[PDB]
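Asks: My questions all concern the structure below.
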Amino acid sequence: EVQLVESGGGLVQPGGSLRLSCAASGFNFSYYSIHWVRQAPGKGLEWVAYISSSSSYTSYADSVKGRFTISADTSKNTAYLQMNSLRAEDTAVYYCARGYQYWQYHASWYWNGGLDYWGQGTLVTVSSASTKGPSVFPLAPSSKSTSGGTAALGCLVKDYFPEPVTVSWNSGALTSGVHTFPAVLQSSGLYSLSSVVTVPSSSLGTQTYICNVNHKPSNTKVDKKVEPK
Amino acid sequence: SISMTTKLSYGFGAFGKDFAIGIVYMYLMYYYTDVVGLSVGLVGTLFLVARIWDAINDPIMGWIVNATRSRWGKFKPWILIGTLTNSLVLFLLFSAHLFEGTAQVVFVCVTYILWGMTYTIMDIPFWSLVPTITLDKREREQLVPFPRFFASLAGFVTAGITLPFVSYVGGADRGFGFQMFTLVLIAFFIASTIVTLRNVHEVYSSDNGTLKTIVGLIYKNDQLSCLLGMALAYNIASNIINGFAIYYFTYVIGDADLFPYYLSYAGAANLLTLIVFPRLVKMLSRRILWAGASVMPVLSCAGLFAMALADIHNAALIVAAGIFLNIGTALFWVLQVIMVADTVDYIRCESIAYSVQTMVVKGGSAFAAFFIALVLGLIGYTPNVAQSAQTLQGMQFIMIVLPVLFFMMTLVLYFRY
Amino acid sequence: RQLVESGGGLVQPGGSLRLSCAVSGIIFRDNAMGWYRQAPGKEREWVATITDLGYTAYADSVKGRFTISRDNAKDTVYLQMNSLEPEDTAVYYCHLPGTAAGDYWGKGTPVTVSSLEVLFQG
Amino acid sequence: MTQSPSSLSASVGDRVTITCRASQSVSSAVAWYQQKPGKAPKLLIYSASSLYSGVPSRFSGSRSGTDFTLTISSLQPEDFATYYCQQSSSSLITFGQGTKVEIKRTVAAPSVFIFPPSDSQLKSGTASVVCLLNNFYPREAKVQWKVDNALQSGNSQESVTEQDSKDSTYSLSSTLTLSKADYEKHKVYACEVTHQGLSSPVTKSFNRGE
Ligand code: NA
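Residue numbers (the authors' numbering), protein chains in the order written: chain H, 1 to 52, 52A, 53 to 82, 82A to 82C, 83 to 100, 100A to 100K, 101 to 214; chain A, 2 to 210, 219 to 355, 362 to 432; chain B, 2 to 123; chain L, 4 to 213.
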C-alpha cells in the first residue's frame, strides 16, 4: 500500500524558480527519510538531496548545493523541494524515494539498506522558447541512387518547441519498416525529427504515400504528400 | 495497560474469597460454645494448633505451584480444585451438631484441619497471579486497590447480613439456618471463581523461579526487627476486637443487636477512607498519619468502656466508636505497605520478605484466639446461654479492653524511631 | 536519558550473537525494555520484552532462539541470539515501553547473516 | 565507481556476471538496481548477498577483493534492462554508469542511402542533407561526410533508434545542415560508412545539380 506521488512539473524559464512536492500514504512518517534523485534526458541516475523528518538531518549533492532547498511537514506527510536560479542542464525527470532514518549511522562494509520504494517522478524542462509550428519537408527518392530492391521515403519535421509530435503514413495504416528516430535538440533550441519508410521498387510509380503529422499543443496538421522527382 | 474487565474480575475473586472466610473468622468459637456445647480449653488448644500449622505450612504450596506444569497452566487447576474442595469442607463444617459422644470432637478437629488446608490450596495461586499476569511496572499500583476494596466490603456485608437470616430460618434449631447461610456463601464463591477463571488470561510468564540465613537477616536488619514486632501487636489487637465482639454485645450490653451497627455500618466509613486515601496522604505527613492510626482504636475502646458505665448504651456512642476503629484499621492497613520496601532496601531476599508479613499475621491471629479461649474459660461459664452471672463482667471488660495495651506497645515501638 | 546499543556484525547461518542495550538517565528499575527489528521493505516488529520483576515475553518467530536478560548492576539489557537465519537480518532497536510521553527509541544496530560473504580484510 | 562492461550481449539460458569496481579507496556494501526504459528503478540486492523481498532467486551477489559482482544464472526475456550499483560513502550517495544488456544475433551489414534537398526549403534559405543507415545489428557503425573531398566536422546530428523488437536491428540517420549561400558554393557531396562487417568502407555521393 505504501506509495509516493509527485507533483509540480511544468515549464520554467531560466532563472525562474519552481517547487516540487512528494506526498506518501501508508507508513509512519518519522521512521524513514526521503531522497530526491534526478534522471537526465539520456543519462544515468544522479542523487540530488535527502531529508529526514528531523530538520537537523538534510543533505545536498555538490553540483546542486546552494541552489535547492528541501523541507517537509510533520503534520501533513509532504516533502517540498524548491529550486531557484535554474540552469539549462537542469532539464530532467525527478523521483522521490524512501530510505532509512539513519543511513549515515548504519553505513559499514557489510550493511547497505538501499532505497526500496520509488515514485513515478515528474518532468522538469528549462528553456526560453514558446510554442512553434512544425514544418515538414519531403525526402526525394533518388531516381537510381538507391538500392535496386529497396526504396526509401521520408518526411523531415524541422522546428517545433513542445516535446511531443505524432507522425503517421497513409492514414496511419502502413507500418512495414517505418522508423521514427528520436527527436534531437538543435542549437536554436527547437527539436528536429525525421520519419522514414521503405518499399520495393515495384510499389513506386503506382502507390501513393502521404506523411501526416499531428501536433497536440497547437491544433496543426500538414499531411504532406510524397512523390518521386 | 490494564483494562476494566481484568480489574473487575480480580475484584470479584477477592470478594468471593473474603465472603467465604468471614463467617468462619467471626462466628466459629461462638458456634461451638453456644450451639454445639464444647468445652473451653479444648477449643483453645484446637484453634492454637490448627492455626499455627496453617501459618507454617504456607511455603510448601509455593513449591507445589512452582512444580506443577500442565496443559491448563500452573495456577488455574489449583484454583479450581481448591474452590470446590474448600466449599464442600465449609458446608460440612457447620453440621457438627448432628453427632454426639467421643466422635463429636474427632469430627470437629478433622473438619477444621481440612478447611485450613483446602483454603491454603485455593488461596496461594490466586495471589501469585498478579506479578506474572499483566504487570510490567507501576501498573500494579493501579490494580492493587481494586481487590482490597472488595476484600473489605465482604466482611461488612456478612457481618450486617448474618444474624437476620438464621433468625428467620431458625427457631428451636439455631444451626439449621447456619447450614443454609453456608449454602449461600458457597454459591457466591463458585460464581466468583468461574468469573475470574473465564475473564483472566496469562501473560509475561517466567521460568526457573535457609533458617540460618533467616536468623542472620533478622539480626542484620534492626529496622526489619522493629517492623515485624510492630505488625504483630496490631494484628493481635485487631483479632481480639473482631472475634470477641459477639460475646460482649450479647452479654455485657443489652442484646438488642447493636453489633451490626457497630461493625457493618462503620464499614462504610472504612470504604470512604480507603477510596479517598491518596489525597489524605498528600495532605498530611506520614508520621502524623501513623500516630493517628495507632491512636484512633484507643479512642474507640476508651469511649466504649467509659460509657459502658452509667448509660443506656448510647447508639451514637456505638456507631461513632465503630467509625473511629474502622478508620484506624484502614489507615494502618494501607500504611503497612510502604514501610516494607524501605526496610528491605538496605535466596531472592525479597520474595522471602514477602511471606514474613503473612506469617506474622497468622501467628498473631492464632495467639489471640488461644488467649481469648483461656481467659474466657478461667473466670466463668459462657456456654450457659443464660443471664450473665455477676463478677464475670469484670472478666469480659478486661478481655475487651486488653487490646489498648497492644496499641500502646505498638505506638511506643514506632515512636522509638 | 539515552539508549545506546552495541554488538552487531556479520555471522554465517547458525551463528550466535549478543546485543547489549546500555541505558542511562532513568533509574534502571523501570518500565520493561524490549527489542524491535526492521528490515528493508518492512515495518518494525516486536521481538521480546522483560519486566522489572524479571518475567519475559517472546514473539513467536524468535521463540526458542532468542533470550532476553536484565542486569541491574550494569544497568543493561542483553539479547542473546542463536541459530540466526537470513530472514533475521535487520536493524535492531532497543525500545523502552512505558512513559507514553516519551518512548525514546534508540538508533539501532545493523546485524546481517549471509552465506559467507568474504570476511573482514584484517 | 566504474562498471567494467559498458554493454553486454547474451541470450536465453546463459550465465552473466556484471562487475562494479567501486575503486573509491573506501569500503562499503553495494545495492543493485534494475531499471527499464520509461520506468523507475527497482531494488534487487541491498547488502551484498541479501536478496530483497520478492525477487526471483536466479539473481545473486558477491564481493571479490576490491570488487563487487552480480550474477544471473539463467537469462529470461525479462532480464534485458540496465543495472546500477550504489555506495553511500561519507554522507553522499553515488550511483554507477549502467550496463545495457542487449541480445546476441548474427552480424549484418548496413544499407546506406542519401537524400538531397527537395525542390523547396531553398526559399527558406537553409539546406539539410541526410544519410540513412538501415538494418545493421552490431552497433559500431561510423559515418563521415565528404564535400568536394573535404571532411566537414562539427555540423552533423546523429540519431539512432533503439534495438528493434522483431529482428533486433538498428537504424542510424546523420543530418548535415548548411546555409543557402554556402549550399551552392560546392559541387559534390557524399557520406561514407565504415562498419566491422564491411570489407571496405561504403560511400554514396550526389552532385549539386539534377
Ligand atoms: Na497456608
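Here a beta-carbon is modelled for each residue, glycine too, at the ideal position from N, C-alpha and C.
Do H/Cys140 and H/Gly104 count as a contact pair if the criterion is CB distance below 8 Å?
Replies: no
Asks: Using a Cβ-Cβ cut-off of less than 9 Å, list which residues of the stretch 109-131 of chain H approach chain L; keep chain order.
Replies: Under the 9 Å Cβ criterion, the stretch 109-131 of chain H contributes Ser120, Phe122, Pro123, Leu124, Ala125, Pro126, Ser127, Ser130, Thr131.
Asks: Report the three-state DSSP secondary structure of A/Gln232 (helix, strand or coil).
Replies: For A/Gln232, the three-state secondary structure derived from DSSP is helix.
Asks: For B/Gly103, go through chain L and note every residue whose CB falls closer than 7 Å to its CB, in chain order.
Replies: Ordered by position in chain L, no residue passes the 7 Å Cβ test against B/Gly103, which lies about 28 Å from the chain.
Asks: Can you name the residues that DSSP bridges to H/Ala49?
Replies: H/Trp36, H/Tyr59
Asks: In whole angstroms, what is the alpha-carbon distance linking A/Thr135 and A/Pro148?
Replies: One C-alpha to the other measures close to 15 Å.
Asks: Looking only at its chain, what residues have a beta carbon closer than 7 Å to the beta carbon of L/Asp151, apart from the 5 residues adjacent to it on each side?
Replies: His189, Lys190, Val191
Asks: If we ignore side chains and look at the alpha-carbon of each, how far apart do A/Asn323 and B/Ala101 end up?
Replies: In this structure, the alpha-carbon of A/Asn323 lies about 55 Å from that of B/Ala101.
Asks: Using a Cβ-Cβ cut-off of less than 9 Å, list which residues of the stretch 86-109 of chain L approach chain H; keep chain order.
Replies: Near chain H, meaning a CB-to-CB distance below 9 Å, the residues of the stretch 86-109 of chain L are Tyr87, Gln89, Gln90, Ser91, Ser92, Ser93, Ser94, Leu95, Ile96, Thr97, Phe98, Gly99, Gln100, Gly101.
Asks: Strictly below 8 Å CB to CB, what residues from chain A border B/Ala49?
Replies: By Cβ distance, chain A contributes nothing, its closest Cβ being about 11 Å from B/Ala49, past 8 Å.
Asks: Classify A/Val107: buried if its beta carbon has 16 or more other beta carbons within 10 angstroms, exposed otherwise.
Replies: exposed
Asks: In chain L, which residues lie less than 7 Å from H/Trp100E when you measure between Cβ atoms?
Replies: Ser30, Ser31, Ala32
Asks: Rounded to the nearest angstrom, what separates A/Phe385 and A/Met316 at their Cα positions?
Replies: Going from the Cα of A/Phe385 to the Cα of A/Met316 covers about 28 Å.
Asks: With DSSP collapsed to three states, give me the class of L/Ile106.
Replies: strand
Asks: Closer than 9 Å, Cβ to any Cβ of chain L: which residues of the stretch 30-56 of chain B, in chain order?
Replies: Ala40, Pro41, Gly42, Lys43
Asks: Please find out if some non-hydrogen atom of the ligand NA comes closer than 7 Å to the beta-carbon of A/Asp55.
Replies: Because some heavy atom of the ligand NA lies under 7 Å away, the Cβ of A/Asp55 counts as near it: yes.
Asks: Name the DSSP bridge partner or partners of H/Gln81?
Replies: H/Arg19, H/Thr68
Asks: Can you tell me which of the three DSSP states L/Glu81 falls into?
Replies: coil
Asks: Which one of L/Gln89, L/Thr102, L/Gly68 has the shortest CA to CA distance from L/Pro40?
Replies: L/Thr102
Asks: Ignore the nearest five residues each way along the sequence and tell me which others in A/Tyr113's own chain have a CB closer than 6 Å to its CB.
Replies: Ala51
Asks: Could you tell me whether any Cβ in chain B is nearer than 8 Å to the Cβ of H/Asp101?
Replies: yes
Asks: With hydrogens ignored, establish whether the beta-carbon of A/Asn87 is closer than 7 Å to any heavy atom of the ligand NA.
Replies: no
Asks: Does the beta-carbon of B/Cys95 have 16 or more other beta-carbons within 10 angstroms, so that it is buried, or is it exposed?
Replies: buried
Asks: Here's the rule: buried if 16 or more other CB atoms are within 10 angstroms of the residue's CB, otherwise exposed. What is A/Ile80?
Replies: buried
Asks: From the DSSP output, in three-state form, read off B/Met34 for me.
Replies: strand
Asks: Whose Cβ in chain H lies nearer than 7 Å to the Cβ of L/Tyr49?
Replies: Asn100H, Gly100I, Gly100J
Asks: Using 10 angstroms around the beta-carbon of A/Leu89, count the other beta-carbons present and answer buried if the total reaches 16, otherwise exposed.
Replies: exposed
Asks: Taking Cβ-Cβ distances shorter than 8 Å, what residues in chain H pair up with L/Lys207?
Replies: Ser130
Asks: State the Cα-Cα distance for the pair A/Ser247 and A/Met181, rounded to the nearest angstrom.
Replies: 29 Å
Asks: Is the beta carbon of H/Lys206 less than 8 Å from the beta carbon of H/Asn197?
Replies: Result yes, Cβ atoms of H/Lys206 and H/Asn197 sit closer than 8 Å.
Asks: Can you tell me the Cβ-Cβ gap for A/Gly14 and A/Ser193, rounded? I've got them flagged as a contact below 8 Å.
Replies: So it is a contact: roughly 6 Å between Cβ atoms.
Asks: With DSSP as the reference, identify every bridge partner of H/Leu178, one or two as the case may be.
Replies: H/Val142
Asks: For H/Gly174, count neighbouring C-beta atoms within 10 Å of its own C-beta (all shown protein chains included) and say buried if the count is 16 or more, exposed if not.
Replies: The residue is exposed, with fewer than 16 neighbouring Cβ atoms inside 10 Å.
Asks: Smallest Cα separation from L/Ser12: which of L/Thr178, L/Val104, L/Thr72?
Replies: L/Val104
Asks: Between L/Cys88 and L/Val33, which are expected to be in contact by the criterion C-beta below 8 Å, what is the C-beta distance as a whole number of angstroms?
Replies: Between L/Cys88 and L/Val33 a beta carbon distance of about 5 Å is seen, short of the 8 Å cut, so the two are scored as contacting.
Asks: Reducing DSSP to helix, strand and coil, say where A/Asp354 ends up.
Replies: helix
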